[PDB]
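A.B. asks: Quick one, model-v5.tsv (TSV, C-alpha atoms and all ligand atoms):
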chain	number	residue	atom	x	y	z
A	1	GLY	CA	0.00	0.00	0.00
A	2	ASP	CA	2.90	2.43	0.56
A	3	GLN	CA	3.60	3.72	-2.98
A	4	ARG	CA	7.14	5.07	-3.28
A	5	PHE	CA	7.64	8.11	-5.48
A	6	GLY	CA	11.07	9.65	-5.31
A	7	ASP	CA	11.85	10.07	-1.66
A	8	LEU	CA	8.21	10.28	-0.58
A	9	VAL	CA	5.52	7.73	0.23
A	10	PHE	CA	1.85	7.89	-0.76
A	11	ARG	CA	-0.85	5.71	0.79
A	12	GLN	CA	-4.44	5.61	-0.40
A	13	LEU	CA	-6.83	5.89	2.59
A	14	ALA	CA	-10.16	6.17	0.75
A	15	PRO	CA	-11.28	6.37	-2.89
A	16	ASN	CA	-10.54	10.12	-3.01
A	17	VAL	CA	-8.02	10.48	-0.15
A	18	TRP	CA	-4.28	9.76	0.09
A	19	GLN	CA	-1.68	10.32	2.80
A	20	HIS	CA	1.58	11.93	1.68
A	21	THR	CA	4.72	11.22	3.71
A	22	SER	CA	8.10	12.97	3.57
A	23	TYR	CA	11.21	12.59	5.70
A	24	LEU	CA	13.81	14.88	7.21
A	25	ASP	CA	16.77	14.04	9.35
A	26	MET	CA	16.41	15.43	12.85
A	27	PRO	CA	19.99	14.85	13.95
A	28	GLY	CA	20.15	12.28	16.71
A	29	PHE	CA	16.50	11.24	16.28
A	30	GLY	CA	16.46	9.71	12.80
A	31	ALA	CA	14.78	10.50	9.51
A	32	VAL	CA	11.43	11.72	10.79
A	33	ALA	CA	8.26	11.11	8.80
A	34	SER	CA	5.69	13.82	8.45
A	35	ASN	CA	2.26	13.09	6.98
A	36	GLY	CA	-0.31	15.23	5.20
A	37	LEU	CA	-3.29	14.57	2.97
A	38	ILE	CA	-4.33	14.82	-0.66
A	39	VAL	CA	-8.05	14.87	-1.47
A	40	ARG	CA	-9.74	14.72	-4.84
A	41	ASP	CA	-12.96	16.72	-4.95
A	42	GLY	CA	-14.51	16.21	-8.39
A	43	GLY	CA	-12.23	17.78	-10.96
A	44	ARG	CA	-9.73	19.29	-8.55
A	45	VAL	CA	-7.28	18.34	-5.81
A	46	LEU	CA	-6.89	19.80	-2.32
A	47	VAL	CA	-3.75	19.42	-0.21
A	48	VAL	CA	-3.37	19.40	3.58
A	49	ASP	CA	0.18	20.35	4.69
A	50	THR	CA	3.35	20.74	2.67
A	51	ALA	CA	6.26	18.35	2.95
A	52	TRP	CA	9.33	19.36	4.91
A	53	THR	CA	11.02	21.09	1.93
A	54	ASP	CA	10.22	22.81	-1.35
A	55	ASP	CA	11.78	19.98	-3.34
A	56	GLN	CA	9.71	17.38	-1.49
A	57	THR	CA	6.60	19.49	-1.95
A	58	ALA	CA	7.26	19.78	-5.70
A	59	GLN	CA	7.46	15.97	-5.65
A	60	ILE	CA	3.98	15.86	-4.09
A	61	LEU	CA	2.76	17.98	-6.99
A	62	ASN	CA	4.49	15.69	-9.49
A	63	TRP	CA	2.87	12.63	-7.89
A	64	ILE	CA	-0.51	14.32	-8.13
A	65	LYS	CA	0.10	15.08	-11.82
A	66	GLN	CA	0.98	11.43	-12.54
A	67	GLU	CA	-1.57	9.65	-10.36
A	68	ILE	CA	-4.55	12.04	-10.43
A	69	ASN	CA	-3.85	14.53	-13.25
A	70	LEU	CA	-6.20	17.26	-12.09
A	71	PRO	CA	-5.38	20.81	-10.95
A	72	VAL	CA	-4.56	21.52	-7.32
A	73	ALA	CA	-7.09	24.16	-6.28
A	74	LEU	CA	-5.76	25.02	-2.81
A	75	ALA	CA	-3.71	23.89	0.12
A	76	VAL	CA	-4.29	24.34	3.85
A	77	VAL	CA	-1.39	24.06	6.29
A	78	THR	CA	-1.94	23.21	9.90
A	79	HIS	CA	0.67	25.14	11.90
A	80	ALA	CA	3.90	27.14	11.53
A	81	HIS	CA	6.49	24.36	11.86
A	82	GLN	CA	8.73	23.11	9.03
A	83	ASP	CA	7.04	19.76	8.58
A	84	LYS	CA	3.73	21.49	7.74
A	85	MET	CA	4.82	24.74	6.03
A	86	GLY	CA	8.38	24.10	4.82
A	87	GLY	CA	7.24	23.77	1.20
A	88	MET	CA	5.14	26.93	0.85
A	89	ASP	CA	7.28	28.41	-1.94
A	90	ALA	CA	6.77	25.30	-4.07
A	91	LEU	CA	2.99	25.64	-3.72
A	92	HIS	CA	3.17	29.32	-4.61
A	93	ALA	CA	5.41	28.60	-7.58
A	94	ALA	CA	2.71	26.23	-8.83
A	95	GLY	CA	0.04	28.93	-8.51
A	96	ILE	CA	-1.80	27.11	-5.71
A	97	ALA	CA	-3.86	29.26	-3.34
A	98	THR	CA	-2.69	28.68	0.24
A	99	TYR	CA	-4.49	28.99	3.56
A	100	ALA	CA	-3.43	28.87	7.20
A	101	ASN	CA	-4.70	29.98	10.58
A	102	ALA	CA	-4.16	33.74	10.83
A	103	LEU	CA	-1.94	33.02	13.83
A	104	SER	CA	0.21	30.64	11.76
A	105	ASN	CA	0.70	33.36	9.16
A	106	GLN	CA	1.66	35.79	11.92
A	107	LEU	CA	4.17	33.30	13.37
A	108	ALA	CA	5.61	32.15	10.04
A	109	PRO	CA	8.43	34.70	9.72
A	110	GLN	CA	9.83	34.12	13.22
A	111	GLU	CA	9.53	30.38	12.65
A	112	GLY	CA	11.52	30.64	9.41
A	113	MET	CA	8.46	29.81	7.27
A	114	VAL	CA	6.89	31.58	4.31
A	115	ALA	CA	3.32	32.62	5.23
A	116	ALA	CA	0.29	31.30	3.38
A	117	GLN	CA	-1.47	33.76	1.09
A	118	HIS	CA	-4.77	33.67	2.98
A	119	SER	CA	-5.74	33.60	6.64
A	120	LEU	CA	-8.41	31.47	8.29
A	121	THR	CA	-10.25	32.71	11.36
A	122	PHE	CA	-12.43	30.74	13.73
A	123	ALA	CA	-15.60	31.08	15.74
A	124	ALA	CA	-15.49	30.89	19.54
A	125	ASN	CA	-16.18	27.14	19.46
A	126	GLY	CA	-13.44	26.46	16.92
A	127	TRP	CA	-15.20	26.01	13.60
A	128	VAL	CA	-13.73	27.99	10.71
A	129	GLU	CA	-15.50	31.15	9.63
A	130	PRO	CA	-16.78	30.01	6.23
A	131	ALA	CA	-15.92	33.18	4.31
A	132	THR	CA	-12.27	32.63	5.14
A	133	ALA	CA	-12.24	29.08	3.68
A	134	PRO	CA	-13.86	29.57	0.25
A	135	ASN	CA	-13.97	26.55	-2.05
A	136	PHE	CA	-12.84	24.12	0.65
A	137	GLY	CA	-15.36	21.50	-0.53
A	138	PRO	CA	-15.26	18.47	1.79
A	139	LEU	CA	-12.47	19.90	3.97
A	140	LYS	CA	-13.92	20.90	7.34
A	141	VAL	CA	-11.40	23.00	9.28
A	142	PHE	CA	-11.52	23.17	13.08
A	143	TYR	CA	-9.35	25.04	15.55
A	144	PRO	CA	-9.42	22.88	18.72
A	145	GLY	CA	-7.58	25.31	21.00
A	146	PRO	CA	-3.89	25.64	21.82
A	147	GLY	CA	-2.05	22.39	22.36
A	148	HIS	CA	1.00	21.26	20.41
A	149	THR	CA	1.28	24.92	19.37
A	150	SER	CA	-0.97	27.90	19.90
A	151	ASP	CA	-1.91	27.91	16.19
A	152	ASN	CA	-2.55	24.21	15.49
A	153	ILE	CA	-5.62	23.44	13.38
A	154	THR	CA	-7.28	20.20	12.31
A	155	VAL	CA	-9.28	19.08	9.29
A	156	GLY	CA	-12.05	16.53	8.77
A	157	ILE	CA	-12.96	15.15	5.34
A	158	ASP	CA	-16.71	15.13	4.77
A	159	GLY	CA	-18.03	11.98	3.16
A	160	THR	CA	-15.26	9.84	4.66
A	161	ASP	CA	-14.30	8.29	7.97
A	162	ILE	CA	-11.13	10.41	8.13
A	163	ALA	CA	-10.04	13.30	10.27
A	164	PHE	CA	-6.55	14.84	10.45
A	165	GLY	CA	-5.13	15.87	13.80
A	166	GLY	CA	-1.78	17.09	12.48
A	167	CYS	CA	0.83	17.35	15.15
A	168	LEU	CA	-1.70	17.80	17.95
A	169	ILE	CA	-2.52	14.07	18.01
A	170	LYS	CA	-0.05	11.28	18.75
A	171	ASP	CA	-0.71	7.63	18.21
A	172	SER	CA	-2.18	5.33	20.86
A	173	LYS	CA	1.24	3.87	21.75
A	174	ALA	CA	3.25	7.12	21.89
A	175	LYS	CA	5.44	7.54	24.93
A	176	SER	CA	5.04	11.33	25.22
A	177	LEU	CA	3.77	14.46	23.53
A	178	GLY	CA	7.29	15.32	22.36
A	179	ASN	CA	8.76	18.81	22.36
A	180	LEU	CA	6.65	21.15	24.47
A	181	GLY	CA	8.61	24.38	23.89
A	182	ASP	CA	5.80	25.87	21.78
A	183	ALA	CA	3.06	23.90	23.52
A	184	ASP	CA	0.28	25.07	25.81
A	185	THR	CA	0.38	22.42	28.52
A	186	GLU	CA	-2.56	23.92	30.44
A	187	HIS	CA	-4.96	23.64	27.47
A	188	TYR	CA	-3.58	20.70	25.49
A	189	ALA	CA	-5.88	18.06	27.01
A	190	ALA	CA	-9.05	20.03	26.31
A	191	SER	CA	-7.88	20.79	22.76
A	192	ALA	CA	-7.28	17.10	22.07
A	193	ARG	CA	-10.76	16.20	23.37
A	194	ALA	CA	-12.29	19.07	21.38
A	195	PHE	CA	-10.81	17.65	18.17
A	196	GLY	CA	-12.47	14.32	18.94
A	197	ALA	CA	-15.80	15.98	19.65
A	198	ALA	CA	-15.65	18.03	16.45
A	199	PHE	CA	-15.35	14.91	14.26
A	200	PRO	CA	-17.42	12.20	15.96
A	201	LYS	CA	-17.79	10.11	12.79
A	202	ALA	CA	-14.04	9.93	12.04
A	203	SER	CA	-12.97	6.38	12.84
A	204	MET	CA	-9.62	6.85	11.05
A	205	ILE	CA	-7.41	9.45	12.73
A	206	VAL	CA	-4.55	10.63	10.55
A	207	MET	CA	-1.70	12.47	12.28
A	208	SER	CA	1.62	13.95	11.33
A	209	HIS	CA	4.17	11.61	12.90
A	210	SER	CA	2.59	8.14	13.06
A	211	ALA	CA	0.51	5.95	10.75
A	212	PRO	CA	-3.28	6.33	10.86
A	213	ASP	CA	-4.85	5.02	14.05
A	214	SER	CA	-8.21	4.52	15.71
A	215	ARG	CA	-9.78	7.10	17.99
A	216	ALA	CA	-7.67	5.63	20.79
A	217	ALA	CA	-5.03	8.06	19.50
A	218	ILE	CA	-7.26	10.90	20.65
A	219	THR	CA	-7.94	9.42	24.08
A	220	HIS	CA	-4.26	8.54	24.60
A	221	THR	CA	-3.17	12.04	23.56
A	222	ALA	CA	-5.71	13.58	25.92
A	223	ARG	CA	-4.58	11.36	28.81
A	224	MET	CA	-0.92	12.22	28.23
A	225	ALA	CA	-1.88	15.89	28.16
A	226	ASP	CA	-3.87	15.49	31.40
A	227	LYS	CA	-0.60	14.46	33.07
A	228	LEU	CA	0.94	17.86	32.33
A	229	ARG	CA	-1.69	20.00	34.12
B	1	LIG	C1	9.92	19.53	13.40
B	1	LIG	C2	8.70	18.89	14.08
B	1	LIG	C3	7.59	19.92	14.15
B	1	LIG	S1	6.07	19.28	14.94
B	1	LIG	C4	9.14	18.48	15.48
B	1	LIG	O1	9.47	19.26	16.33
B	1	LIG	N1	9.15	17.09	15.79
B	1	LIG	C5	8.76	16.07	14.92
B	1	LIG	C6	8.53	14.71	15.42
B	1	LIG	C7	9.78	14.38	16.22
B	1	LIG	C8	10.41	13.01	16.14
B	1	LIG	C9	11.52	12.78	16.84
B	1	LIG	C10	12.12	13.89	17.73
B	1	LIG	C11	11.55	15.09	17.81
B	1	LIG	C12	10.32	15.34	17.00
B	1	LIG	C13	9.64	16.75	17.11
B	1	LIG	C14	8.61	16.64	18.21
B	1	LIG	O2	7.37	16.63	17.98
B	1	LIG	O3	9.04	16.54	19.40
B	2	ZN	ZN	4.75	21.15	15.12
B	3	ZN	ZN	5.09	17.92	13.38
With the file now loaded, output its structure as structure tokens.
C.D. replies:
Amino acid sequence: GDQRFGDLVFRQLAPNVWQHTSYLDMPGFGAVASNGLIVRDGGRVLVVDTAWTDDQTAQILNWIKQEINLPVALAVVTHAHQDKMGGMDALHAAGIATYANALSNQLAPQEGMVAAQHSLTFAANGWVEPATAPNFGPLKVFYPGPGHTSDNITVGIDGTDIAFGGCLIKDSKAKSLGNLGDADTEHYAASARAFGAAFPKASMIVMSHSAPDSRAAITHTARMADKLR
């Protein structure tokens, strides 16, 4: 199931949904996978998260051209860290409209990232303000609260069993929540539970640093975050 294309891996999760995976050495910790999503909506393609680098992100676009051969209408990126936004210039070079949380766009320069072209904002209960996410089709964007970072957002795919927790959610066997330097340890647990509650029909939880898991990833993440309060 893991289709290799250059240095990336693509895995079909549903008839119109694929996981993209790219790798970057984090010295002393290995070649770390980061996952995002590709969704076909009719005659166009939507991307969730870049790869770590421009070159890897251009490879995503080349895979899409070969395996889907439809235009990429937009991309949404889920926080201002390199695994999610490191390939912004490649998306812009391809003419793809890009979207991020307004706070991610604000943070991008200090994080060494190129900002997305458009900013998403969110209602008090986390759902995206629809005028800021035009043409998102089946992508349902939700801000669960601060957790892994203050800007982290999540995305469900309507018409599927899939929701994407990004780097907020760890798998059900993870030993910890990882680096907490940008994290909000007071609010993380509630944000993890809010993601679960936003997407109650998503039995397949996709996340950035582990393979797709059951909803036990959400409960385990929440329980780990409870430990930190
Ligand atoms: C660059 C990304 C942005 S989320 C990052 O910081 N990661 C990625 C996953 C990983 C794996 C091994 C060691 C550290 C990390 C670290 C973390 O989450 O702690
Ligand atoms: Zn991150
Ligand atoms: Zn990450």
A.B. asks: Do a neighbour search on range 21-24 of chain A at 10 Å with all atoms listed in the file, toss out local chain neighbours closer than 4 positions, and write the hits as a compact mmCIF listing (two decimals) with C-alpha atoms, in the frame of the given file.
C.D. replies:
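Below is the file that was written, around_11.txt:
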# COMPACT_ATOMS: atom_id res chain seq x y z
CA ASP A 2 2.90 2.43 0.56
CA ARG A 4 7.14 5.07 -3.28
CA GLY A 6 11.07 9.65 -5.31
CA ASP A 7 11.85 10.07 -1.66
CA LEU A 8 8.21 10.28 -0.58
CA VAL A 9 5.52 7.73 0.23
CA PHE A 10 1.85 7.89 -0.76
CA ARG A 11 -0.85 5.71 0.79
CA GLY A 30 16.46 9.71 12.80
CA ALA A 31 14.78 10.50 9.51
CA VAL A 32 11.43 11.72 10.79
CA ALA A 33 8.26 11.11 8.80
CA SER A 34 5.69 13.82 8.45
CA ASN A 35 2.26 13.09 6.98
CA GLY A 36 -0.31 15.23 5.20
CA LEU A 37 -3.29 14.57 2.97
CA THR A 50 3.35 20.74 2.67
CA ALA A 51 6.26 18.35 2.95
CA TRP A 52 9.33 19.36 4.91
CA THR A 53 11.02 21.09 1.93
CA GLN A 56 9.71 17.38 -1.49
CA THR A 57 6.60 19.49 -1.95
CA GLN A 59 7.46 15.97 -5.65
CA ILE A 60 3.98 15.86 -4.09
CA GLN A 82 8.73 23.11 9.03
CA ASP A 83 7.04 19.76 8.58
CA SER A 208 1.62 13.95 11.33
CA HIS A 209 4.17 11.61 12.90
CA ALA A 211 0.51 5.95 10.75
A.B. asks: Using all atoms listed in the file, which protein or nucleic acid residues come within 12 Å of residue 190 in chain A? Drop anything in the same chain fewer than 5 positions from it, and give the result as a PyMOL selection string.
C.D. replies: chain A and resi 143-148+168+184-185+195-197+218-219+221-226+228-229
A.B. asks: Report, in Å with one decimal, the straight-line distance from CA of residue 192 in chain A to CA of residue 160 in chain A.
C.D. replies: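 Separation of CA of residue 192 in chain A and CA of residue 160 in chain A: 20.5 Å.
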A.B. asks: Using all atoms listed in the file, what table do you get, as a Markdown table, when you list each residue of chain A with an atom no more than 12 Å from ligand ZN 2 (chain B), its nearest pair of atoms, and their distance in Å rounded to one decimal, rows by chain then rising number?
C.D. replies:
| residue | atom | partner | partner_atom | distance |
| --- | --- | --- | --- | --- |
| A:34 | CA | B:ZN2 | ZN | 10.0 |
| A:35 | CA | B:ZN2 | ZN | 11.7 |
| A:49 | CA | B:ZN2 | ZN | 11.4 |
| A:52 | CA | B:ZN2 | ZN | 11.3 |
| A:77 | CA | B:ZN2 | ZN | 11.1 |
| A:78 | CA | B:ZN2 | ZN | 8.7 |
| A:79 | CA | B:ZN2 | ZN | 6.6 |
| A:80 | CA | B:ZN2 | ZN | 7.0 |
| A:81 | CA | B:ZN2 | ZN | 4.9 |
| A:82 | CA | B:ZN2 | ZN | 7.5 |
| A:83 | CA | B:ZN2 | ZN | 7.1 |
| A:84 | CA | B:ZN2 | ZN | 7.5 |
| A:85 | CA | B:ZN2 | ZN | 9.8 |
| A:86 | CA | B:ZN2 | ZN | 11.3 |
| A:104 | CA | B:ZN2 | ZN | 11.0 |
| A:111 | CA | B:ZN2 | ZN | 10.7 |
| A:146 | CA | B:ZN2 | ZN | 11.8 |
| A:147 | CA | B:ZN2 | ZN | 10.0 |
| A:148 | CA | B:ZN2 | ZN | 6.5 |
| A:149 | CA | B:ZN2 | ZN | 6.7 |
| A:150 | CA | B:ZN2 | ZN | 10.1 |
| A:151 | CA | B:ZN2 | ZN | 9.5 |
| A:152 | CA | B:ZN2 | ZN | 7.9 |
| A:153 | CA | B:ZN2 | ZN | 10.8 |
| A:165 | CA | B:ZN2 | ZN | 11.3 |
| A:166 | CA | B:ZN2 | ZN | 8.1 |
| A:167 | CA | B:ZN2 | ZN | 5.5 |
| A:168 | CA | B:ZN2 | ZN | 7.8 |
| A:169 | CA | B:ZN2 | ZN | 10.6 |
| A:170 | CA | B:ZN2 | ZN | 11.6 |
| A:177 | CA | B:ZN2 | ZN | 10.8 |
| A:178 | CA | B:ZN2 | ZN | 9.6 |
| A:179 | CA | B:ZN2 | ZN | 8.6 |
| A:180 | CA | B:ZN2 | ZN | 9.5 |
| A:181 | CA | B:ZN2 | ZN | 10.1 |
| A:182 | CA | B:ZN2 | ZN | 8.2 |
| A:183 | CA | B:ZN2 | ZN | 9.0 |
| A:207 | CA | B:ZN2 | ZN | 11.2 |
| A:208 | CA | B:ZN2 | ZN | 8.7 |
| A:209 | CA | B:ZN2 | ZN | 9.8 |
A.B. asks: Could those residues be written to a file, using C-alpha atoms, as a compact mmCIF listing (two decimals), in the coordinates of the input?
C.D. replies:
# COMPACT_ATOMS: atom_id res chain seq x y z
CA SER A 34 5.69 13.82 8.45
CA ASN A 35 2.26 13.09 6.98
CA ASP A 49 0.18 20.35 4.69
CA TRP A 52 9.33 19.36 4.91
CA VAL A 77 -1.39 24.06 6.29
CA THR A 78 -1.94 23.21 9.90
CA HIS A 79 0.67 25.14 11.90
CA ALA A 80 3.90 27.14 11.53
CA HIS A 81 6.49 24.36 11.86
CA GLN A 82 8.73 23.11 9.03
CA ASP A 83 7.04 19.76 8.58
CA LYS A 84 3.73 21.49 7.74
CA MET A 85 4.82 24.74 6.03
CA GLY A 86 8.38 24.10 4.82
CA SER A 104 0.21 30.64 11.76
CA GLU A 111 9.53 30.38 12.65
CA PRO A 146 -3.89 25.64 21.82
CA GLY A 147 -2.05 22.39 22.36
CA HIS A 148 1.00 21.26 20.41
CA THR A 149 1.28 24.92 19.37
CA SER A 150 -0.97 27.90 19.90
CA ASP A 151 -1.91 27.91 16.19
CA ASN A 152 -2.55 24.21 15.49
CA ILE A 153 -5.62 23.44 13.38
CA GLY A 165 -5.13 15.87 13.80
CA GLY A 166 -1.78 17.09 12.48
CA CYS A 167 0.83 17.35 15.15
CA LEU A 168 -1.70 17.80 17.95
CA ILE A 169 -2.52 14.07 18.01
CA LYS A 170 -0.05 11.28 18.75
CA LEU A 177 3.77 14.46 23.53
CA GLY A 178 7.29 15.32 22.36
CA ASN A 179 8.76 18.81 22.36
CA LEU A 180 6.65 21.15 24.47
CA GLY A 181 8.61 24.38 23.89
CA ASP A 182 5.80 25.87 21.78
CA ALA A 183 3.06 23.90 23.52
CA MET A 207 -1.70 12.47 12.28
CA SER A 208 1.62 13.95 11.33
CA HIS A 209 4.17 11.61 12.90
A.B. asks: Near residue 121 in chain A, within 8 Å and counting all atoms listed in the file, which residues show up once chain neighbours fewer than 6 positions away are dropped, as number ranges by chain?
C.D. replies: A: 101-102, 128-129, 132
A.B. asks: Please indicate the distance in Å from CA of residue 14 in chain A to CA of residue 100 in chain A, rounded to one decimal place.
C.D. replies: 24.5 Å
A.B. asks: Any idea what the distance is between CA of residue 46 in chain A and CA of residue 202 in chain A?
C.D. replies: 18.8 Å
